[PDB]
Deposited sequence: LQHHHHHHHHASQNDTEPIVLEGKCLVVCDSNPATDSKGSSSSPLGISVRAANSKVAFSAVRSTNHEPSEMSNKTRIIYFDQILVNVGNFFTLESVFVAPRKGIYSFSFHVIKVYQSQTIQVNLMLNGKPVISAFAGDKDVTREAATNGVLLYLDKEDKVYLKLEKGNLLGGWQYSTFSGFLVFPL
């Protein structure tokens, strides 16, 4: 039970972010065991452990560049990029394992760019690999 933690979220075409935080949100929740993925955007770790994270953020409008940072408690840990102005729906993708303690916050930030065209079909997933 308490060792079972996972979330998976997708950006659809729903039409329900700030220049400060620039948090990328995912409206369609596919998995949320434990309900620790909150506000369509932020994962809050329930316990100390190793967690897997992966994401694909779609650069839809072709002539733009984006940079996406995976954030841990307000600080960047990994980065992804998409800036091929010949390509439509190019993914800025990366993944990582992290050592998290209880109440650690992990989310995606649009560090650079504007996601012109929207970011439909973008994905963001995470799960507890094992507790420590």
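Residues of the deposited sequence lacking C-alpha coordinates, counted from 1, fall in the stretches 1 to 51, 68 to 70.
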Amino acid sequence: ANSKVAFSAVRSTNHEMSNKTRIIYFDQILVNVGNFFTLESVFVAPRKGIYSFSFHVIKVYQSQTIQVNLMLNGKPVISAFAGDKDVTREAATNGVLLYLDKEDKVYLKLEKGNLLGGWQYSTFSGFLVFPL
From here on, numbers count along this sequence of modelled residues.
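The question of which stretch, 18 to 26 or 119 to 127, has the higher mean Cα B factor is settled in favour of 18 to 26.
As recorded in the PDB entry, 84 to 92 is the stretch of 46 to 54 and 84 to 92 with the greater mean C-alpha temperature factor.
Among all modelled residues in this chain, the alpha-carbon of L100 has a temperature factor (C-alpha) in the middle third. Sorting the modelled residues of the chain by their CA temperature factor places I66 in the lowest third.
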